[PDB]
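So this first bit is one chain, no partners, the form deposited in one PDB entry, shown in structure tokens.
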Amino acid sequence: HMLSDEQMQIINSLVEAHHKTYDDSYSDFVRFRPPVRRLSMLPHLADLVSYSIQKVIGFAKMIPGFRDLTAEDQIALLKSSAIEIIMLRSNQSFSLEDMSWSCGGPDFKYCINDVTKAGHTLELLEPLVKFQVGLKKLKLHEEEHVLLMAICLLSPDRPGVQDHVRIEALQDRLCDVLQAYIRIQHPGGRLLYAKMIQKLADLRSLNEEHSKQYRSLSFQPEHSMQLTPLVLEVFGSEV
């Protein structure tokens, strides 16, 4: 009926980690290869995703429990959840008004048509925009957001995890914290935790769609050369 001391520590630790790794200004984007509007936007998005992966890794490094997993396990979670955590954190920039990620002026405003000049299909971008709208509407607290991210990342059903029991133990402790939080701290959310866990199942389809289309990119050597070594390590299959 009231948040415990250990549940409160987990929330402080996660909120801080997000703040330490999410620049709400998007000021570092001027360091990426400029966007252009033969896969025109692919340089800029690969730099964008590469930068994000580094922030996701820094966040994960601070989820309580994550550091003590084997390095193999840590890599296995990152490699599979990477794109999912990105789509998740990217919701803070998605604007319902124009239905686009707004990270700057005309330059860093990514609308549905630009990601088409990046090797992905207008047709399979449908669920991604849909996902971002339904999540925007969930009006999540920063605590629920950061919590959902850590839960997504700590899924024991990723290819490569060995200690799927410890990772499961970590992920349930984080769900308890979340149910508690919504329950004692989020009025009107009698149905919100289920709505949130539903979003997790959506992300796996997105993750799946992206893997099929990124494989198409990484198998054409003229497109993969536009990727970054981090991107190719993370989304490649060298495990």
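From 1 onward, residues are counted along the sequence shown. Superpose the two forms; the largest set of C-alphas matching within 1.5 Å is the rigid core.
This next part talks about the form deposited in another entry, which is not shown.
In a rigid core superposition between the shown form and the other one, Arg190 is the single residue of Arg204, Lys61, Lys212, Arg190 whose Cα is displaced by 2 Å or more. Taking 2 Å as the criterion, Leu122 counts as shifted between the shown form and the other one: its C-alpha moves by at least this amount when the rigid core is aligned. Between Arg190 and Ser155, the C-alpha separation shrinks by 3 Å or more in the other entry, relative to the conformation displayed. Whereas the shown form places them at one spacing, the Cα atoms of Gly189 and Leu96 lie at least 3 Å farther apart in the other entry.
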